[PDB]
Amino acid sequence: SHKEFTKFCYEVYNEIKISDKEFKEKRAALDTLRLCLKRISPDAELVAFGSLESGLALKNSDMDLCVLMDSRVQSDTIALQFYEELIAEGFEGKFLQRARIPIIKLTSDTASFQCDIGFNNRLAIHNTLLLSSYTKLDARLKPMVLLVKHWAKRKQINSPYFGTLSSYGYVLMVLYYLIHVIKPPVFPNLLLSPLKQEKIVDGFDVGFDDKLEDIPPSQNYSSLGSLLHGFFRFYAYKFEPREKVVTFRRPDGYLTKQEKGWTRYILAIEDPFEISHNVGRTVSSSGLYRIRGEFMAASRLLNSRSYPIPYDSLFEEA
């Protein structure tokens, strides 16, 4: 059904997606950051990943960048040189190193410009390649993702530091639903494709079928509204968070926490490429309770027999 909800979903979609204005400003910011990188290292290369790159950006979007360079170069050395140029060129931020990983976090621009810079973070590039490819495979993914991220933020269930889930996690929960749950599938599993060639980067297989022009279109013709209602329905009522693991490495999407050795693991989502990383590791016990509760409320709302049926409340701050 869901005809007026679809129309509603597209209306909200258009108000929340990054404007061309902002996209173009972010892209100018990246060009500026590249010239600073040139000035101190000619061979190093500054790449974008996540939201802006994959086209899943809300308004007021943060920026995820990665410096690529020769692995035989010490990454802290050029990281500090790059940091020193950024201060000098007028950006404000922090230089930190977590374990062996040097990071630059920019916060302003002498209001707020917010942008992270990783060094040789080759795996994030691939994570974004996968999601970029899926975005190009079916036009319904992008608005679906943006609405789910919008909903998660309004429900205070999108805070990794406070026991809930990252946006990337929610994206994977969407993809997982569209690949291994909905029937017919909205997408195939590009990682398990017969056509997939292996590609090892930093010890993980990041290969997937990227011959995108060869794939038959989805045989699922559900409106954006049905998909969304399906998605909320599945995580509210059907998915089992204590036993099961969100995965992209099984043909049938079945994976138990025990096989994986994942008895923190209150919510378990196996990264598609870094399969040793639980994307939902930040999820606390109280976090998960609020996440499920919101999933259920979303379902209850979209079932509602009332008139007027208040779809707006889907995005009211909980």
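The numbering used is simple: start at 1 and walk along the sequence shown. Heads up, when I say rigid core I mean the largest set of C-alphas that superpose within 1.5 Å between the two forms.
Rigid core superposition in 5 other deposited structures of this protein puts the Cα atoms of one stretch, out of 13 to 21 and 301 to 309, farther from the shown form on average, and that stretch is 301 to 309. Superposing the other copies on the rigid core and comparing 205 to 213 to 111 to 119, farther C-alpha placement in 5 other deposited structures of this protein marks 111 to 119.
The entry shows a gap from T263 to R264, with 10 or more unmodelled residues of the deposited sequence in between. Deposited sequence between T110 and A111: 4 to 9 residues lack coordinates. When the two stretches 248 to 256 and 286 to 294 are set side by side, the higher mean Cα temperature factor goes to 248 to 256.
The deposited model assigns a higher average Cα B-factor to 34 to 42 than to the other stretch when 34 to 42 and 47 to 55 are compared.
Ranking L131, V181, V148, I78 by Cα temperature factor from the entry places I78 first. Across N127, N120, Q74, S159, the entry's maximum B-factor at the CA atom is seen for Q74.
Annotation for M69: C-alpha temperature factor in the highest third relative to the rest of the modelled chain, per the entry. Placement of the Cα temperature factor of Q219 within the chain: highest third of the modelled residues, per the deposited record.
Sort the modelled residues of the chain by CA B factor and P102 lands in the highest third. Sorting the modelled residues of the chain by their CA temperature factor places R154 in the lowest third. Compared with the other modelled residues of the chain, the Cα B-factor recorded for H229 ranks in the lowest third.
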